[PDB]
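Each remark here refers to the structure printed beneath this line.
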Protein chains: 6
Amino acid sequence: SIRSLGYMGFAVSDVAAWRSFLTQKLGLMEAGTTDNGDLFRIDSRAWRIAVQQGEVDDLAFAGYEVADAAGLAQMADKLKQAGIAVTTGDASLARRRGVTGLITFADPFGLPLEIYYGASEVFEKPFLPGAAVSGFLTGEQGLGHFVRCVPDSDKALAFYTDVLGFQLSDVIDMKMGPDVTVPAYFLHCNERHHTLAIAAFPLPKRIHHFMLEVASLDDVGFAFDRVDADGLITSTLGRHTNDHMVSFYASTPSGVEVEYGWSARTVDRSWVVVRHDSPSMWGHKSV
Amino acid sequence: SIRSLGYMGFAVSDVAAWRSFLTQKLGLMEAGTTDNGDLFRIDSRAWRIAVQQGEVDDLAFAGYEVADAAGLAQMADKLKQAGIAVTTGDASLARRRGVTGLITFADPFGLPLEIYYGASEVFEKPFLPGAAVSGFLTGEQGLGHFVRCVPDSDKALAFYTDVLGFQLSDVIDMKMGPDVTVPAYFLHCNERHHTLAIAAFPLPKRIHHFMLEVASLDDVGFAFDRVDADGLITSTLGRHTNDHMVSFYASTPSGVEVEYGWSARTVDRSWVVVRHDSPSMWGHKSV
Amino acid sequence: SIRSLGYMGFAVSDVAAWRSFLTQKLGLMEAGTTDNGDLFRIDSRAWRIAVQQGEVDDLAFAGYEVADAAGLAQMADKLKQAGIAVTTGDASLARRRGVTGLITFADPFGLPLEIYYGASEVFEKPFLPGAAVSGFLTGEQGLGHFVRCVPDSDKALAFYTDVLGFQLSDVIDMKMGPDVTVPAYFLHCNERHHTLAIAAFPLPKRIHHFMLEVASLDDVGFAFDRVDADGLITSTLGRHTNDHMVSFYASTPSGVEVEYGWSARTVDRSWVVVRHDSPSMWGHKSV
Amino acid sequence: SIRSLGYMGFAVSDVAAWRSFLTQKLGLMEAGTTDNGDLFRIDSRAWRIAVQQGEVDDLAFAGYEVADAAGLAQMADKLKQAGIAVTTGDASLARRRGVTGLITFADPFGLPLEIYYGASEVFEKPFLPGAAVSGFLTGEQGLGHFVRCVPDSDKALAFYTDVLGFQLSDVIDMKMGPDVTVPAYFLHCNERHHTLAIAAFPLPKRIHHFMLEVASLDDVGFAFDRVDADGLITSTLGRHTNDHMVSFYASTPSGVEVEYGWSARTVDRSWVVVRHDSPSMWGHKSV
Amino acid sequence: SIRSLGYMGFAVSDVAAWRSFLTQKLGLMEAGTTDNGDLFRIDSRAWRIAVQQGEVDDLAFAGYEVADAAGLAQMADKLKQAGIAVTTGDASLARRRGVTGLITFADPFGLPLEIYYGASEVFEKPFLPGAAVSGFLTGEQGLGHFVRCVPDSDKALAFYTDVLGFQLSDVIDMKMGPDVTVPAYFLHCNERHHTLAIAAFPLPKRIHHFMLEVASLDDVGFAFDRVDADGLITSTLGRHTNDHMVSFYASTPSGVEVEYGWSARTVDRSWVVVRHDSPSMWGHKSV
Amino acid sequence: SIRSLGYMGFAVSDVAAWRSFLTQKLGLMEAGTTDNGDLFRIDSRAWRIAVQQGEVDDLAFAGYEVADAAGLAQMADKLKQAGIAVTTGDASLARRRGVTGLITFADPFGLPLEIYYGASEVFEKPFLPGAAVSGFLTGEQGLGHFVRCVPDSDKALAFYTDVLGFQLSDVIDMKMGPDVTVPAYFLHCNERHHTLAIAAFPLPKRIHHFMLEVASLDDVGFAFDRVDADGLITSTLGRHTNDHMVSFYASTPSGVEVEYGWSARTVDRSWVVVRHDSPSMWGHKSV
Ligand SMILES: Oc1cccc(-c2c(Cl)cccc2Cl)c1O
Ligand SMILES: Oc1cccc(-c2c(Cl)cccc2Cl)c1O
Ligand SMILES: Oc1cccc(-c2c(Cl)cccc2Cl)c1O
Ligand SMILES: Oc1cccc(-c2c(Cl)cccc2Cl)c1O
Ligand SMILES: Oc1cccc(-c2c(Cl)cccc2Cl)c1O
Ligand SMILES: Oc1cccc(-c2c(Cl)cccc2Cl)c1O
Ligand SMILES: Oc1cccc(-c2c(Cl)cccc2Cl)c1O
Ligand SMILES: Oc1cccc(-c2c(Cl)cccc2Cl)c1O
Ligand SMILES: Oc1cccc(-c2c(Cl)cccc2Cl)c1O
Ligand SMILES: Oc1cccc(-c2c(Cl)cccc2Cl)c1O
Ligand SMILES: Oc1cccc(-c2c(Cl)cccc2Cl)c1O
Ligand SMILES: Oc1cccc(-c2c(Cl)cccc2Cl)c1O
Ligand SMILES: [Fe+2]
Ligand SMILES: [Fe+2]
Ligand SMILES: [Fe+2]
Ligand SMILES: [Fe+2]
Ligand SMILES: [Fe+2]
Ligand SMILES: [Fe+2]
Ligand SMILES: [Fe+2]
Ligand SMILES: [Fe+2]
Ligand SMILES: [Fe+2]
Ligand SMILES: [Fe+2]
Ligand SMILES: [Fe+2]
Ligand SMILES: [Fe+2]
């Protein structure tokens, strides 16, 4: 089974702008440039986010991590049983991603996805943030989460749940006007409240935002100010109703947003599905 | 010696507005009306804040608490030795304040002050906040703090330090324009980083603001939204450089502000005086 | 200085009734009979309560403990300096009490008092309660407390405070009718909120009650039922406003009451004197 | 299933040198001499390491522990199902090893292996180290680990994983020259990050080294100096990238090395396989 | 002021017997032989017990530790003010003891005493017990205690209390026959319940026993058996009424006894003097 | 009284080399350049180490921190009473150092010293290390320590102890050849085992080394490798006998060494002076 979101790749029009934003604003660590593009770290892994030159200015691909080779084989079988076109990543791609093995495919709406095992650790190159950040929260919870924008949430939900094995945490019926209410589904694959959210929003991108979690409230507070200095804040500090994460949102150079948060609650086998009519307990005022 | 700030009285033009603000917005508990005015609670004490009808729309008086009768006598002696006009509170005033004994006087610039002992507890009338607040932080740290605006900080500092016994925590040189920088002094009389601050600000009131501390970040977050709904926020959420309190500021019906915060650090006998050039680590953006 | 209340002696008309009450109802341990009367234990000390045959049916004497011989000498000097008639306990009395040294005198209203040092421990005779009690709370807090009924509280307060060194914790103005309100003073000599209380009640005894503290709520609950079975309960379970002790009151065979409680808060050097208008937060309904 | 590495036997040319090295340098306890050779302890077990006279100067055999007789029977069946020649240890061998029951066989490359249950405890002969060592870490993690040098890692990996049940922790691609890179596989059978490692190194011995873990950093520091005094250090202090153990390496009298470490992290069912390009975060400089 | 008992020296007729007893039976560490005699350790200090050849077969001297040079000077002054003959230890003696400075004198009954500061630490020679002992308890509590046998306890008590500054913990009236009861005084100079005890016992030695405290119950249990094997036990395992130490007693080769214990309670400034009629809660049966 | 070592200034011939060494090797944060020279941080303080252009290639000055203005006045008085030439730092110097007030003078051998109060905090510019360091340990323990090389240790000791108020922790008699042994004195002014050490070493500099303490063992391990890469290590990893700090030593561009450590023990009022014959328990091999 999939254990977590392991990495993400972005294809952007302004690579230099993304380099500055990720390091100076968010505090990620520059980790070199390879055939995989500019690499960025948040922990012991060789890379978590890759930035390549591209006109889409959007998420180019996402990689989900399994525990081992057997886990990869099981997922490949499940995908093919579901009629999904699966391709074994050649040695060249595995090297580019720095993984031992991987398979590639796309979700129902074209997002390139990868499932891999045996990623590269670089403890000998101790993580040093590009900005003052006490630390990022990863471990068994993986990289964080992102919100997949789709045309049909039911079809997307069925794929991620029935085929990829994600489990529902909760639903938030997002009010988008007196005559518009869209359900947002939050799914987990580990203790992180959600690793993936699905919603039918009127956005021209594959995702609304990706989220990175930090170790302290000050990490969030300082980052907010660094981002605000450039007028990139899209939402004030607030706490979510479902995962109870305290965060703010900001614009990346590609328009896609990034959520930066702290203190979210986790889920387990005793968790029960619930619904909400608001996404924020307090704060998160649109600006 | 003075152990803490015990209570405050305000003389306001719109008593009903203050009643609604303190209870519905800040979460204080209405505790009846007596010859002491409308009373409000935040803990086991019979009252901490009193609101009376008055045209000044400002702090009318403040009461500092001593441990016992002997403590009151010592302070009265110290004040008279300093040439300050001290008056023993008559039985009528003691009853009004609900204290066992007290003395009255004024600081160098006219603020009526009182030092008392033996205030009234009402554990049999369990505290119930007027809004969703997990709790206020008082105990040995007292009510909170307020910032006394004065024409001459040196004279004020000498009185509060040499006569009343407050001790300096730190100084912040507040930038108020390319050609204006004013020092703000933060003083303690217990573990609370500061119970009183002194500064020469261009304000027509006795104090810039008073501060109340709550038990959780959510208490602050929810209150921010309740206040923001009425457009009364004066500063966004932020954390101070000196006491490390996370708070926001808002306007009371009298114009004087109120600071609502959480998680401040405390001080002790190992504390050393320092200086700062900024009052906020992050946040506290003027709005 | 006096460190705690160490023991109490009662002169009663029905010794057998007291023996049964203390052991079967309250859970004290029978510890033999000597020239000191019937002895009862609650901890490692050879005895804490003595019961002798007497028509007064009241507290016959109370012993306060000092840390050592030097402490005893200091107290004897303080008492004589105050004009109090002090008598050195002869070897015979010291043996009877099982102490190394002691002095005797009376308070302003005739209560025989003793100050001693070097009491006897009997760890080799492990404490075994006479009823199901997980344990009594003593240690540095001593035996517990009792309430001295006096004709003039001011005179009594001055003696116990100025001469014996007790310190005021708080005051409760006890309502005893639309036209009657009497102040009750609670005094400490260690961490126990109060070891002695003073009040001018209309009672024909030296004390209103003595109090013993137990280790768990169940100890109190079970004892309540054992006492209630004989119709001796005088007050339902409740919690006090000042020491926050959860307790109930009952009648001893002498009429004097006994308070049996659990979970009281303690005091220290940061404590400030306060006042109350009620003695109970909840419960303690007279029955 | 195999629960841990339980013991090891070495056949050496200089038994006296090994006796001195194990006790004076590493701190093991001499535990007598039997038909099993010279015995050495590190905990409550009668012996963990045996040293016999032999010209190979290498690991002579290794014993893996199962929980009980049923566990032994299951492993014997699994081995025979795999076509491995298994022999039931006769009463004579069981006595020599001090175990209740055992089976013997060899791995694909000739290393004599044993699986047993019911080893002997000697709590009545309290462990006393031969040198200043606060303690060795064993318990459910067993003796420690050793690195099996093989000609074909794939064949070895398949045997230890598919037949013996070891699970992969991670892989480190060891750089051994611009044109030489060999993968080292680390396998676990309990919480210890690895109980066995497999690699195709150019060494004329069955193992590169065996490892013993101690309770404190000082245990390692002092041992380093005792070994360094004789010029036997082969690697400076360092911390591994995979198990995060802080250790140093040294030469035994047989040339085979020994690793002595502290503070390694453990693994569980939430562990995911990863890869590394370096075996040390810091230190471990070859000397 | 004296901070603890730092070391002891014994003059014995059978040095080899003492060497074996201290190391093999009690677990002390042999620490070389100098002009100070055979040295033995129990912790980081270069030595705590010295054994020299002598016909007295008794304690030859004891050294009390002060915090620094100023402390030594103060004690020397106090002793001379009391009329005691004090001698400054020459450089030769200081070297022999491995201390920076010391003064020598005798107690009222001839026991040679020394007060010193700046003893030698040997952390570079890590403590290794001569037998299986998890550790000895020293630190701020010093070496342990010993019981000084005297002809006149009152005179001895006055010297150790009034001159050396020891403080009384408690008294035990030791029953030694229907017509014989002797008081034993236990004195502290730090947190250890007692560092010195004084009693008028009918023994031909300077001390009844010296005591060493270990870290676990097993340390005591195993030692008991090692001593019992040679028939040297003088008292079964038991727990004391005053310090609550669990221990046993045994005969040294000189006849003087040694107490070996674990888990004693400590004392502080809140401690009150008490008396006992038995020295043991349970156990300590004479054999 | 002096509370800690607050800052140090170095006058060096190669400012760029020092900039690279402090940031890239040790992990300090570049904090701008002012009339005070190049500034470097390790915590919330505006600066802790300053580097100015100078031919001495040595410590140029050191600043000791007092708690407040009163503390500064007391020290100035003590110094003048001792006949030391004290100069009040003018507003220009105070600004350069970023302190509220300070006095200047020199120790007996020419080292310029300063005592100040009210240094500048910059929490709004969150500390970001120049290399991977989890954190530096400062707080109430100050910057760290340095070893003052002097011609006459007795004279130096008397000044720092009798005049500046430092207290002795311990002494280590450093072996420097069969015929050379020099005592090194370690002094504290707070909980840090030593803030200053004094010794008569044959070095042409004012100090042998200065020391910085980090939060984890890995911080030390990684730094060791960064320094070793340039062949600047002067001592292998080891742990000291007196403060039990685990550290290594390296050469700065000025020749003066720097010690980088972790996990030292602290001292308090229960500490007793001792002596040592070795400075290291293990490690610290000269290379
Ligand atoms: O906040 C956002 C999150 C995801 C996509 C867009 C976006 C929109 Cl709504 C229109 C044009 C281009 C972009 Cl990147 C966006 O503004
Ligand atoms: O992490 C989250 C938890 C709950 C809701 C949102 C959310 C919001 Cl607040 C706005 C748009 C889209 C989403 Cl998924 C979210 O990002
Ligand atoms: O934020 C504030 C704090 C204290 C006083 C005033 C004030 C001013 Cl600045 C002008 C007129 C009236 C008032 Cl209440 C104010 O606006
Ligand atoms: O509690 C506080 C700590 C530090 C600074 C201020 C402050 C600010 Cl942020 C603006 C105006 C006046 C003050 Cl005292 C403050 O209120
Ligand atoms: O509850 C009580 C506490 C103390 C004394 C009496 C008492 C009274 Cl109020 C009258 C006669 C006899 C007694 Cl013991 C009593 O009833
Ligand atoms: O322990 C106590 C704390 C507060 C009040 C009383 C009290 C009551 Cl509840 C009734 C009569 C007398 C007293 Cl002292 C009391 O016994
Ligand atoms: O460090 C080592 C680990 C295992 C084996 C050898 C070895 C070699 Cl590489 C050659 C000859 C003999 C030996 Cl023991 C060795 O030196
Ligand atoms: O315990 C370990 C963890 C990671 C790597 C090695 C290793 C090294 Cl550092 C050199 C040679 C062989 C091995 Cl297995 C190792 O012994
Ligand atoms: O247990 C003992 C403690 C101290 C001294 C002696 C002793 C006696 Cl009681 C007589 C002769 C010799 C000795 Cl050592 C002893 O037997
Ligand atoms: O440590 C101790 C605590 C209480 C009593 C004794 C004692 C005994 Cl049990 C017998 C003889 C002498 C002594 Cl001091 C003792 O050694
Ligand atoms: O390790 C050292 C610490 C302090 C000073 C020097 C030094 C020496 Cl010993 C000679 C010339 C120049 C220097 Cl910096 C040095 O080498
Ligand atoms: O922090 C320390 C503790 C004990 C000793 C030294 C030291 C050493 Cl190891 C060599 C030269 C000088 C000193 Cl002060 C030291 O720097
Ligand atoms: Fe999100
Ligand atoms: Fe789930
Ligand atoms: Fe404030
Ligand atoms: Fe203070
Ligand atoms: Fe009571
Ligand atoms: Fe008190
Ligand atoms: Fe290894
Ligand atoms: Fe596993
Ligand atoms: Fe003893
Ligand atoms: Fe004491
Ligand atoms: Fe140092
Ligand atoms: Fe000190």
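Each chain of the structure tokens is named A, B, ... in the order shown, its residues numbered from 1; ligands are numbered from 1 in display order.
Residues of protein or nucleic acid lying within 10 Å of ligand 23, counting only C-alpha atoms and all ligand atoms, are residues 144, 145, 146, 147, 186, 194, 195, 196, 197, 208, 209, 210, 211, 212, 240, 243, 245, 247, 248, 249, 257, 258, 259, 260, 261 and 279 of chain F.
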Q: Would you return as a PyMOL selection string the members of segment 14-220 of chain F that DSSP assigns to alpha helix (DSSP H) on this structure's backbone?
A: chain F and resi 15-20+69-81+91-97+153-158+217-220
- Message: Give me the residues near residue 267 of chain A as a list in words, where near means some atom within 7 Å (using only C-alpha atoms) and where sequence neighbours in that chain fewer than 6 positions away do not count.
- Response: residues 191, 192 and 193 of chain A
Now that the selection is made, can you save its residues with C-alpha atoms as a CSV table (one decimal), in the first residue's frame?
```
chain,number,residue,atom,x,y,z
A,191,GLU,CA,-1.3,9.5,10.1
A,192,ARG,CA,-1.4,12.9,8.3
A,193,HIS,CA,-5.0,14.0,8.4
```
_One decimal, in Å: what's the spacing between atom CA of residue 22 of chain F and atom CA of residue 35 of chain F?_
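Here the two named atoms are 19.3 Å from each other.
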Please give me, as a compact mmCIF listing (two decimals) with N, CA and C atoms, in the first residue's frame, the residues lying within 7 Å of ligand 9 when counting only C-alpha atoms and all ligand atoms.
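Wrote result01.txt, looks like this:
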```
# COMPACT_ATOMS: atom_id res chain seq x y z
N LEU E 203 32.25 -1.76 72.99
CA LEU E 203 33.13 -2.31 71.96
C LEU E 203 34.54 -1.75 72.11
N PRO E 204 35.57 -2.58 71.84
CA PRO E 204 36.97 -2.18 71.95
C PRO E 204 37.53 -1.53 70.69
N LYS E 205 36.66 -0.93 69.89
CA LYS E 205 37.08 -0.29 68.65
C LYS E 205 36.55 1.13 68.58
N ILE E 207 35.03 2.46 66.02
CA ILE E 207 33.74 2.46 65.34
C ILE E 207 33.11 1.08 65.36
N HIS E 208 31.79 1.05 65.32
CA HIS E 208 31.06 -0.21 65.30
C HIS E 208 31.08 -0.71 63.86
N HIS E 209 30.81 0.20 62.92
CA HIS E 209 30.83 -0.15 61.51
C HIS E 209 30.90 1.09 60.64
N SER E 251 31.14 -8.91 58.98
CA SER E 251 32.42 -8.69 59.66
C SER E 251 33.57 -8.48 58.69
N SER E 254 39.03 -7.21 60.39
CA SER E 254 39.44 -6.57 61.64
C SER E 254 38.39 -6.68 62.75
N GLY E 255 37.26 -7.32 62.46
CA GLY E 255 36.22 -7.45 63.46
C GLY E 255 35.20 -6.34 63.33
N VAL E 256 35.67 -5.13 63.05
CA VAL E 256 34.78 -4.00 62.85
C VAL E 256 33.82 -4.44 61.76
N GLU E 257 32.57 -4.01 61.84
CA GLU E 257 31.61 -4.42 60.84
C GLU E 257 31.48 -3.43 59.70
```
* Gap from atom CA of residue 51 of chain A to atom CA of residue 127 of chain A - Å, one decimal ->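 Between atom CA of residue 51 of chain A and atom CA of residue 127 of chain A the gap is 18.6 Å.
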Residues of chain B at most 9 Å from chain F: nearest atom pair and distance in Å, only C-alpha atoms, as JSON lines:
```
{"residue": "B:168", "atom": "CA", "partner": "F:68", "partner_atom": "CA", "distance": 8.5}
{"residue": "B:170", "atom": "CA", "partner": "F:118", "partner_atom": "CA", "distance": 7.8}
{"residue": "B:171", "atom": "CA", "partner": "F:118", "partner_atom": "CA", "distance": 8.4}
{"residue": "B:240", "atom": "CA", "partner": "F:123", "partner_atom": "CA", "distance": 8.8}
{"residue": "B:241", "atom": "CA", "partner": "F:123", "partner_atom": "CA", "distance": 5.7}
{"residue": "B:242", "atom": "CA", "partner": "F:123", "partner_atom": "CA", "distance": 8.4}
{"residue": "B:270", "atom": "CA", "partner": "F:140", "partner_atom": "CA", "distance": 7.3}
{"residue": "B:271", "atom": "CA", "partner": "F:67", "partner_atom": "CA", "distance": 7.0}
{"residue": "B:272", "atom": "CA", "partner": "F:67", "partner_atom": "CA", "distance": 4.2}
{"residue": "B:273", "atom": "CA", "partner": "F:118", "partner_atom": "CA", "distance": 5.2}
{"residue": "B:274", "atom": "CA", "partner": "F:118", "partner_atom": "CA", "distance": 3.9}
{"residue": "B:275", "atom": "CA", "partner": "F:120", "partner_atom": "CA", "distance": 4.9}
{"residue": "B:276", "atom": "CA", "partner": "F:121", "partner_atom": "CA", "distance": 5.4}
{"residue": "B:277", "atom": "CA", "partner": "F:122", "partner_atom": "CA", "distance": 7.6}
{"residue": "B:278", "atom": "CA", "partner": "F:124", "partner_atom": "CA", "distance": 7.1}
{"residue": "B:279", "atom": "CA", "partner": "F:124", "partner_atom": "CA", "distance": 8.5}
{"residue": "B:280", "atom": "CA", "partner": "F:124", "partner_atom": "CA", "distance": 6.5}
{"residue": "B:281", "atom": "CA", "partner": "F:124", "partner_atom": "CA", "distance": 3.9}
{"residue": "B:282", "atom": "CA", "partner": "F:124", "partner_atom": "CA", "distance": 6.5}
```
The distance between atom 1 (Fe, counted along the ligand's line) of ligand 19 and atom CA of residue 155 of chain D is 20.9 Å
| said: Taking only C-alpha atoms and all ligand atoms into account, list the residues no farther than 6 Å from ligand 22, as number ranges by chain. | reply: E: 167, 268-269
